[PDB]
Each structure stands twice: as structure tokens, then as C-alpha cells.
Amino acid sequence: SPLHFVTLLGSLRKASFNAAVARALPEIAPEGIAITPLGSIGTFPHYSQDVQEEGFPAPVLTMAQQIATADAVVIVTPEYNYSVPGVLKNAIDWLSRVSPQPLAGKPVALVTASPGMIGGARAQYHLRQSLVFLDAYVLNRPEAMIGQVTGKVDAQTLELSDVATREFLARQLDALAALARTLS
Amino acid sequence: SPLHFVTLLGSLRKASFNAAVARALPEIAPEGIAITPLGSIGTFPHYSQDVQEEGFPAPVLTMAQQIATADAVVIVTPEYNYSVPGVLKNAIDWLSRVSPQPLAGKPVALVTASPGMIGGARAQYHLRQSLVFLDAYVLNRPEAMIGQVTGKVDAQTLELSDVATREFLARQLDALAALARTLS
Amino acid sequence: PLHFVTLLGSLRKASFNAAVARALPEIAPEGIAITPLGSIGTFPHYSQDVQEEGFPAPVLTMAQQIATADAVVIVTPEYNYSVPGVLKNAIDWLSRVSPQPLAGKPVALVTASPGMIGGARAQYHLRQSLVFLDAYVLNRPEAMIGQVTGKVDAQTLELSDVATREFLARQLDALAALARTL
Amino acid sequence: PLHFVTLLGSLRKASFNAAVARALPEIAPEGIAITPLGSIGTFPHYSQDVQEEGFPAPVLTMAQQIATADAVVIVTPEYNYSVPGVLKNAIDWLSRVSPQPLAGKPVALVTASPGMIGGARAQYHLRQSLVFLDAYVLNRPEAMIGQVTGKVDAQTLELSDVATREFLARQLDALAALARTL
Ligand SMILES: Cc1cc2nc3c(=O)[nH]c(=O)nc-3n(C[C@H](O)[C@H](O)[C@H](O)COP(=O)(O)O)c2cc1C
Ligand SMILES: Cc1cc2nc3c(=O)[nH]c(=O)nc-3n(C[C@H](O)[C@H](O)[C@H](O)COP(=O)(O)O)c2cc1C
Ligand SMILES: Cc1cc2nc3c(=O)[nH]c(=O)nc-3n(C[C@H](O)[C@H](O)[C@H](O)COP(=O)(O)O)c2cc1C
Ligand SMILES: Cc1cc2nc3c(=O)[nH]c(=O)nc-3n(C[C@H](O)[C@H](O)[C@H](O)COP(=O)(O)O)c2cc1C
Ligand SMILES: [Cl-]
Ligand SMILES: [Cl-]
């Protein structure tokens, strides 16, 4: 049983640490699980009910269908102002108005990375609150808060090289895989 | 002592109930307090550190200076997916990177309106969490959650006419005024 | 073939949440037996010192009834925009138990309140603790019983409101489907 | 000319948060007297039934020491991603007091933990209750003492760490400025 996971990325900057983390998920995945990245949340317009009425942005239905046809989603994001980046919450707001709504019943795992010690934990719980409304099924264990990320991805090379973080994340994908196969 | 309050609006749609609420604040204000609306959060680009480096969007510094020169801010917003609209969190993310940062030390009052019973309370507390980081001074009492807003603003005329809601909000501005004069 | 237990967050005899909790066995969908756990009020305040002189008997007892239950329904009021301390104290004791009763446990929440918001805030704080305990907490439908005052007979102390009974039976239906699935 | 009281969220003799709480009077900026409130452990579990037979004596006592204090420093661990039930129980009792001691009260929070996060999650849940109580809770600087194990002498039970003592003295400075301002 080959699973397909897609990753949703909360940062827009080229040198993003969270992006480096996301890029590593596919090389980290345990055999039997392919992982690809979704489109950029940066292509979405700001959510407006007027825009919705005129019609859903193509990039939003694209992301909706890729999530819906995926076996699980891994959300990978920094924490902004003790919460979720507004850009990322904005992508969530759009996906939440689609019918059928793509996150409903969808296995979901969260990963946050910060240069600081909290490792973006404040973000994960606000994001959970929204996901309750969307009826996603978010993995409780293990939680992935990557503090001091600056020390875990080597500079100029962009890559996540920290061995223990790769182990941790690889095991989180396994649990996500097990969660998905159990709601199947 | 004449105070000046500005209002930050969380919805983009023309027929927004929260917009109707905001529009009423100035006619509601107690003598000695002028209230004007800020620019639209819809003119901001998605927050990106790359964009920041190239330079702050003009609409962001505009809003920063209007807030900083204001005696207090009233934030008026719907709740999206049990949290703050991503568009509004995105405007918050931008303002948070300005120097000096405009919300630091700023008296702030929150107002949320929902057609439902919760009246957007889930949003107010997530928004508070962010505002702690920004060092804003957000009014505890009275809290303004306007549930069943559909019944409180008359249709086709756009206006907030519910007498008790106007009283409640007018008294919340007074408390905001008292909070501001006390940090002065 | 399905057994649910109820954990109650108010101690006062005339508690609105207690009324709600008593109706659950009555309105439950057939094939579902729902029984009440013991009172959270018999726990001492958590303390690691006390724990190291062995677990309070009722703590092991409740741990036992939860662990071998198919699901837990937590029915509680909201105190100060959050979970009642006494309820949270129960949850704290249970979280230290030998193997921890709530790991993997299907859970539904029900809050009741005289006010507008119906204990909504309490639920989300509770969800955050349940994450750490690896409980599987039902998303839909959420049960917030605001304006409880008019839905419970002031004498008799039974939730009269028919619509509310029907709603809770549906939440039970959903909680069952969550349990069988997991 | 400034008086702060401390409210402690752990009951265990060898509590890391207790160590932190004892250092506060020592490192306090001159002109600031800091004394400990009574133990939250002497409260019974909240109940409206108990309340209607009059408030537990220690509840009125603590209400009294808080109300006439210039500020409160709440020092507590994090239990299950939230506030310890026993601490929350104290807060629950205080919230019902005659006039409520925390309305308008300047407050700083300090959490300590062996782990990375240092009780961060606890603080934000607590802030949500304090909103309803109209406490004025200091934003900057926030004091999360992660990895507390290495900052407190295992024998002696005093927070040895110099940097941490210096940080807390600054938070006290800030809490004072908040108090004089309000
Ligand atoms: C607007 C803004 C808000 C931020 N808020 C937080 C925060 O609340 N907590 C935190 O640890 N870091 C915060 N940061 C710092 C980010 O954690 C850090 O910039 C991180 O590397 C961004 O992730 P990225 O590298 O994937 O872009 C914030 C940064 C910005 C620009
Ligand atoms: C994407 C989206 C998410 C929403 N989330 C919530 C919610 O969590 N709680 C709620 O009560 N209403 C929610 N609503 C409904 C809004 O409360 C309602 O549409 C409101 O009138 C919008 O405010 P406005 O009239 O100022 O635009 C949501 C609406 C949208 C479009
Ligand atoms: C200490 C305390 C705190 C309370 N906090 C809230 C609150 O934050 N929101 C609310 O709607 N009701 C609050 N209430 C009121 C309860 O919702 C109400 O008393 C309810 O009936 C208690 O549940 P019960 O009837 O099952 O005992 C509080 C009550 C007490 C005693
Ligand atoms: C019931 C319980 C729940 C706990 N939950 C957490 C938690 O969520 N996060 C954390 O970092 N530590 C948690 N801890 C560990 C405490 O942070 C640690 O025991 C700390 O030393 C307690 O504070 P104290 O030393 O002052 O008693 C928990 C401990 C207990 C007993
Ligand atoms: Cl930062
Ligand atoms: Cl809706």
C-alpha cells in the first residue's frame, strides 16, 4: 500500500528554514510513501466573499484537489506573532470554503521550525483549533517542534542535515502513515 | 482632551456586517473622541521577508503611522475557522516588523461580529495572543462579541441600528478612552 | 457492544452539566451503554509528593474505567474562560497513571452554560491538554449548550429541551462511528 | 513602597517553581517587597454548594492579600499543555470573592520546566482566564525558564543560575513600572 503525502508550506522567503525542512521530508519518508510539495500559498488572493462569488481562484482549487486526492497532509510552517502566519491562515480560509472541503476527514501532521527555543509550538495549537472546524484528523504524537533550527540546516547548502531531527521526522511520517491507514 | 481612535477592519466584502459595525463607531463615540477608519488590509501583499528586504509596502507604513499617531485602535473583525481572518493576521504580521513597531504600548479594543451565537469569541483570544507579543494593551472589559449580528443591522440600509449594541459599544469606547488616558 | 463513560466537571448538586450527563444514558442510540465515572471531587489536589506515596485509590479506579471504555464523554461547565480547576486536576492525576488511560481514547466534549457562548472557550483549552494525552477528540458535531437555564426543568432537574436531546443523540452516534473506526 | 505577592502553582517540596519563587524576594529591586501568599493546596475543590456555606477561610485570606497588593507574580509549572488544575482551582475560588481581588491587578507570570518550552503553553491559557478577571498581565518581558534542571542546585534547592536571576530582576523592574503606571 503506497501512500502519497503532500506538504503545505507556511513561509514565502527563498532562504526559509521551514522550506528546507519540507524539502527533506521526501528523502526522509519511509519506503512506501511518496511526498510532494503543494503550490505556493503566495499565489492566493486575500480571502473575500466577493471574490469567492465571482469564482474560486484556480490555484485554490488546484490545491484543494491535490489535498483531497492525497492520503495525508504535512503542514510545515514558522510561527508568526505567537500564531500561524497570516498568509498560511489565508490559504486555510480559502480551502475551507471549497466544496467538498478538502481537509474534512484528512489525516494531517504539523511541523514547525523556529530559530528559537519554543520551536513554533504556539502556532501548532492555534492551527489545531482551526483544523477542528475543518474536521481534519491531526496527529497528536509525535509532535514536531524544531527549535534552534539554525543549527540543524547547514548554511549556503540549504539542507536539513541534523541526524536526530531526520530520525524524529521520519518516525512522525510513519505515525501519519499509520493514522491514514486506520481511517481508510 | 480630544482623543483620536482608528479602526482596523477584518473583512473585505462590501456587504460585511463587521464593516457596518465599524462605520457606526464614529456616530456612537462619546464627545471628545473622533474615530476614523484605516486603509484596507486588502492592499497589503502577503508577508515575505524577501519583500520586506526590498522595502516596506507603502500601505503598511501608512497604516503604521496612522496607528502610531492614534490614541487607540479598535479592531473589528469576523471570526474565520475559529480564529482570526488570515488577511487580518497578515496585516498584523506586516505591522509587527515595522520600526518602531506601532502597536507597542498602544491601547487596543477588540470587536467581533458573527451571525452565530459565539459572536466571534474564539477569534478575540487568538488575536490577544499575538497582541501580547506586540506589547499592545488590550481592554479586558467590556468584551464586545456581537452574536446574531444579522438581526442587529437592518438590511439594504447597511446600518447598525440595534439600540442595545450601540449602548454596549459606546460604553466600550469610554473604557478604551479611560485606558488610553491612563497609559498617557 | 459499545460502552461510553461520562466524566463530569461540576460538583454542585443542582449542576446543569450533571442534568445533561444524566440524560445521556437515556437518549443513547441502541447498542450503546453509557455509565457515569466517579466524582472528580474525591481526588486530592495533584502533587508529585502524594503520587510517590502511591496513587489515590479513586485515581486508579477512574483510570481503569476510562482505559477499558470504548470512549469518554466529558461534560463540564466553563469556569473563567477555561476548564474548571477541579476537572483539570482529575485530568492531571489521570495523565500520570501507570499506562495512561486516555492515550488513543475516543472523546467527545459537551459543555453547558446559562450564557450565549455555552462553554465554547472551555472546550478548546481542554482539547489542548487532550493532545498531549493523545486522546482522539471528536470534531463534529460540537456540543455547546448555551442558555441551558431554559432547557432544564428548574424542579426535576432534567433537561426538558427536546431539540437538545436529539442533538446529543447525534453526537453520540458520531462518537460511536469514531470509536469503531479507530 | 511597592508590595508584590507570589502565588505558587506546584505543591511538591522539591518544586523547581518554588525555588524560583523563593529567589524573587532576594533578587528584587530596592523599594520592592515581595512576599509569598499561602498554599493553593489548602483550598477545597471549588463547588457552588461549598461557596454557599460561606467561603473557605484561606480563600478570603488570599483574596485579601492579593487585593491590597500592588501586583501579583504567579509562578507555576505547566501540566498537560495548560495550567495545573490545583492552581486553576485557586483562581476559580478567587474569582467568586466578594469584590474580586484580581480586577485591575498588575500581574506577571513566570513558568519553569525541565524541557525546551519552559511552560510557555501554560502562560497563554492562564492569560485567557486573567482576561475575564480583568487582570493587567505584563507582556514584556515574558519569563519562561526551560531547562530548569541545570539552573537549580539539586541539593540546596536554590536557583544558582546567575543569568536567570538577572532576567527575573528585570521582569520585576518592568512589573513595577506597570504598577506605577496603573
Ligand atoms: C512577522 C514575524 C513574526 C514572527 N513571530 C515569531 C514568533 O512568534 N515566534 C518565533 O519563535 N519566531 C517568530 N518569528 C521568527 C521566525 O521564527 C523566523 O524568522 C523563521 O526562521 C521564519 O521561518 P522561515 O525560515 O521558514 O521563513 C517571526 C518572524 C516574523 C517575520
Ligand atoms: C472562510 C470562513 C470561515 C468562517 N469561520 C467562522 C467561524 O469560525 N465562526 C463563525 O461564527 N463564523 C465563521 N464564518 C462566518 C462569518 O462569521 C460570517 O460570514 C460573517 O458575516 C463574516 O463577517 P462579515 O459580514 O463582516 O464579512 C466564516 C466564514 C468564512 C467565509
Ligand atoms: C468560578 C466560576 C467561573 C465561571 N466562569 C464562566 C465563564 O467563563 N463563562 C460562562 O459562560 N460561565 C461561567 N461561569 C458560570 C457557569 O457557566 C454556570 O455557573 C453553570 O451553571 C455552571 O455549570 P453547572 O450548572 O453544571 O454547575 C462560571 C461560574 C463559576 C462559579
Ligand atoms: C501531571 C503533569 C503534567 C505535566 N505536563 C507538562 C507539560 O505539558 N509540559 C512540560 O514541559 N512539563 C510537564 N510536566 C512536567 C513539569 O514541567 C515538571 O514536573 C516540573 O518540574 C514541575 O514543576 P515543579 O518542579 O515546580 O514541581 C508535567 C508534570 C506533571 C506531573
Ligand atoms: Cl522574532
Ligand atoms: Cl460558517
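Residue numbers (the entry's author numbering), protein chains in the order written: chain A, 5 to 188; chain A', 5 to 188; chain D, 6 to 187; chain D', 6 to 187. A prime marks a further copy of an entry chain.
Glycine residues also receive a C-beta, built at the ideal position from the N, C-alpha and C atoms.
Item to complete: Could you round the C-beta distance between residue 127 of chain A and residue 88 of chain A to whole angstroms and report it? I think they count as a contact, below 8 Å.
Response: Position 123 of the first sequence, counting from 1, holds the residue named residue 127 of chain A. Position 84 of the first sequence, counting from 1, holds the residue named residue 88 of chain A. Confirmed, about 5 Å.
Practice prompt. Check the Cβ-Cβ distances between residue 126 of chain D' and every residue of chain A, and say whether any is below 9 Å.
Written response: Residue mapping note: residue 126 of chain D' aligns to position 121 of the fourth sequence, counting from 1. Taking Cβ atoms only, chain A reaches closer than 9 Å to residue 126 of chain D', which makes this a yes.
Fill in: Beta-bridge pairing of residue 8 of chain A' - partner residues as DSSP gives them
Residue 8 of chain A' sits at position 4 when you count from the first residue of the second sequence. DSSP lists A':38 as partners of residue 8 of chain A'.
Worksheet item: Could one say the Cβ of residue 75 of chain D lies closer than 9 Å to chain A's Cβ atoms, at least one of them?
Response: The residue you call residue 75 of chain D lines up with position 70 of the third sequence. False, the Cβ-Cβ gap to chain A never drops below 9 Å.
Worksheet entry | is_contact[residue 141 of chain A', chain A] using C-beta, thresh 9 Å | As a working note, residue 141 of chain A' is residue 137 in the second sequence. No, its Cβ sits nowhere closer than 9 Å to a Cβ of chain A.
Worksheet item: Any idea what DSSP makes of residue 86 of chain D', helix, strand or coil?
Response: Reading the fourth sequence from its first residue, position 81 is the one you call residue 86 of chain D'. Looking at residue 86 of chain D' - three-state DSSP - the assignment turns out to be coil, as it is neither helix nor strand.
Worksheet entry | Unbroken alpha helix (DSSP H) run spanning residue 183 of chain D', endpoints | Residue mapping note: residue 183 of chain D' aligns to position 178 of the fourth sequence, counting from 1. Its alpha helix (DSSP H) spans residues 167-186.
Worksheet item: Should residue 82 of chain A be labelled buried (16 or more other beta-carbon atoms within 10 Å of its own) or exposed?
Response: Within the first sequence, the letter at position 78 stands for residue 82 of chain A. So residue 82 of chain A counts as buried.
Worksheet item: Which chain D residues sit within Cβ distance under 9 Å of residue 151 of chain A'?
Response: Locating residue 151 of chain A' in the second sequence gives position 147, counting from the first residue. Those within 9 Å of residue 151 of chain A' in chain D are 121, 122.
Worksheet item: At a cut of 8 Å, does the stretch 14-24 of chain D' reach the stretch 114-121 of chain D' through at least three beta carbon pairs?
Response: yes
Worksheet item: Taking the alpha-carbon positions, what's the residue 108 of chain D' to residue 45 of chain A distance?
Response: Here the question's residue 108 of chain D' lines up with position 103 in the fourth sequence. Here the question's residue 45 of chain A lines up with position 41 in the first sequence. For residue 108 of chain D' and residue 45 of chain A, the distance between alpha carbons rounds to 43 Å.
Worksheet item: Using the C-alpha atoms, what's the distance from residue 6 of chain D' back to residue 93 of chain D'?
Response: Walking along the fourth sequence from the start, residue 93 of chain D' turns up at place 88. Walking along the fourth sequence from the start, residue 6 of chain D' turns up at place 1. Rounded to the nearest angstrom, the two C-alpha atoms are 30 Å apart.
Discussion item. Give me the chain D' residues within the contact set of residue 130 of chain D, using Cβ-Cβ distance strictly less than 8 Å, ordered along the chain.
Written reply: Locating residue 130 of chain D in the third sequence gives position 125, where the first residue counts as 1. Neighbours of residue 130 of chain D on chain D', chain order: 87, 130, 133.
Discussion item. Which residue marks the beginning of the beta strand (DSSP E) containing residue 114 of chain A', and which one marks its end?
Written reply: Residue mapping note: residue 114 of chain A' aligns to position 110 of the second sequence, counting from 1. Segment 111-117, the beta strand (DSSP E) holding residue 114 of chain A'.
Worksheet entry | residue 83 of chain A beta carbon near ligand 1 (any heavy atom closer than 8 Å) | Start at 1 with the first residue of the first sequence, and residue 83 of chain A comes out as number 79. Indeed, a heavy atom of ligand 1 lies less than 8 Å from the Cβ.
Discussion item. Given the structure, does residue 53 of chain A' come close to ligand 1, in the sense that its CB is under 8 Å from one of the ligand's heavy atoms?
Written reply: Position 49 of the second sequence, counted from the start, is the residue given in the question as residue 53 of chain A'. Indeed, a heavy atom of ligand 1 lies less than 8 Å from the Cβ.
Fill in: Helix, strand or coil at residue 122 of chain D according to DSSP, with G and I counted as helix
On the third sequence, residue 122 of chain D is found 117 positions in, with the first residue counted as 1. Residue state, collapsed to three classes: coil.
Discussion item. Strictly by DSSP, which residues pair up with residue 77 of chain A'?
Written reply: The residue labelled residue 77 of chain A' in the question sits at position 73 within the second sequence. Paired residue(s): A':10, A':112.
Worksheet item: Applying a beta-carbon distance threshold of less than 7 Å, which residues of chain A' neighbour residue 145 of chain D'?
Response: Translated into positions along the fourth sequence, residue 145 of chain D' becomes position 140. Near residue 145 of chain D' (Cβ distances below 7 Å), the residues of chain A' are 139.
Practice prompt. With hydrogens ignored, establish whether the beta-carbon of residue 139 of chain D' is closer than 8 Å to any heavy atom of ligand 3.
Written response: In the fourth sequence, residue 139 of chain D' corresponds to position 134, counting from 1. For ligand 3, not one heavy atom lies less than 8 Å from the Cβ of residue 139 of chain D'.
Practice prompt. Locate the alpha helix (DSSP H) running through residue 24 of chain D, then write down its first and last residues.
Written response: Within the third sequence, residue 24 of chain D is the residue found at index 19, counting from 1. Where residue 24 of chain D is concerned, the enclosing alpha helix (DSSP H) stretches over 21-32.
Fill in: Beta-carbon gap between residue 41 of chain A' and residue 16 of chain A' smaller than 9 Å
The count along the second sequence starts at 1 and reaches residue 41 of chain A' at position 37. The count along the second sequence starts at 1 and reaches residue 16 of chain A' at position 12. The answer is no: Cβ separation not under 9 Å.
Worksheet item: Residue range of the alpha helix (DSSP H) that residue 150 of chain D falls in?
Response: Sequence index remark: in the third sequence, residue 150 of chain D carries index 145 (1-based). Where residue 150 of chain D is concerned, there is no enclosing alpha helix (DSSP H), although the beta strand (DSSP E) it sits in stretches over 148-150.
Item to complete: Give the single residue among D:123, D:52, D:50, D:105 whose Cα lies nearest to the Cα of residue 147 of chain D.
Response: One-based indexing of the third sequence puts residue 147 of chain D at position 142. Per the Cα distances, D:123.
Discussion item. So that I know if they touch, is there some Cβ in chain A' lying closer than 9 Å to that of residue 46 of chain A?
Written reply: Stepping through the first sequence from its first residue, residue 46 of chain A is reached at position 42. Closer than 9 Å to some Cβ of chain A', the Cβ of residue 46 of chain A qualifies, so yes.
Worksheet item: Candidates A':179, A':160, A':182, A':150: which alpha carbon is nearest residue 167 of chain A''s?
Response: Residue mapping note: residue 167 of chain A' aligns to position 163 of the second sequence, counting from 1. The candidate whose alpha carbon is nearest that of residue 167 of chain A' is A':150.
Practice prompt. Kindly give me the distance between the Cβ atoms of residue 77 of chain D and residue 102 of chain D, rounded to whole angstroms, as I take these residues to be in contact under 8 Å.
Written response: Here residue 77 of chain D corresponds to residue number 72 of the third sequence, with the count starting at 1. Here residue 102 of chain D corresponds to residue number 97 of the third sequence, with the count starting at 1. Not quite, the Cβ-Cβ distance comes to about 14 Å (not below 8 Å), so this is no contact.
Practice prompt. Return yes when the C-beta of residue 96 of chain A is under 8 Å from any heavy atom of ligand 4, and no when it is not.
Written response: As a working mapping, residue 96 of chain A is identified with position 92 in the first sequence. False, no ligand heavy atom lies under 8 Å from that Cβ.
Item to complete: Check whether the Cβ of residue 86 of chain A lies closer than 8 Å to any heavy atom of ligand 1, and answer yes or no.
Response: Here residue 86 of chain A corresponds to residue number 82 of the first sequence, with the count starting at 1. Indeed, a heavy atom of ligand 1 lies less than 8 Å from the Cβ.
Practice prompt. Report the three-state DSSP secondary structure of residue 153 of chain D' (helix, strand or coil).
Written response: If you number the fourth sequence from 1, residue 153 of chain D' lands on position 148. Three-state result, residue 153 of chain D': helix.
Worksheet entry | Run of the alpha helix (DSSP H) containing residue 63 of chain A', from where it starts to where it stops | The residue given as residue 63 of chain A' occupies position 59 in the second sequence. It spans 62-72 - the alpha helix (DSSP H) in which residue 63 of chain A' sits, taken as one unbroken run.
Worksheet item: On the three-state DSSP scale, how would you describe residue 102 of chain A?
Response: What you label residue 102 of chain A is simply residue 98 of the first sequence in a count that begins at 1. In this structure, residue 102 of chain A counts as coil in the three-state DSSP scheme.
Practice prompt. Going by CA-CA distance only, name the one from D':133, D':169, D':142, D':186 that's closest to residue 29 of chain D'.
Written response: Numbered from its first residue, the fourth sequence carries residue 29 of chain D' at position 24. Nearest C-alpha to residue 29 of chain D': D':169.
Worksheet item: Can you find a C-beta in chain D' that's less than 9 Å from the C-beta of residue 32 of chain D?
Response: Here residue 32 of chain D refers to the residue found at position 27 of the third sequence. So no, residue 32 of chain D is outside the interface.
Worksheet entry | Contact set between residue 66 of chain D' and chain A', taken where Cβ atoms lie within less than 9 Å | What you label residue 66 of chain D' is simply residue 61 of the fourth sequence in a count that begins at 1. Under the 9 Å cutoff, chain A' gives no residues; its nearest Cβ is about 25 Å from residue 66 of chain D'.
Fill in: CB contact below 9 Å: residue 112 of chain D' versus chain A'
In the fourth sequence, residue 112 of chain D' corresponds to position 107, counting from 1. Judged by the 9 Å Cβ criterion, residue 112 of chain D' is not in contact with chain A'.
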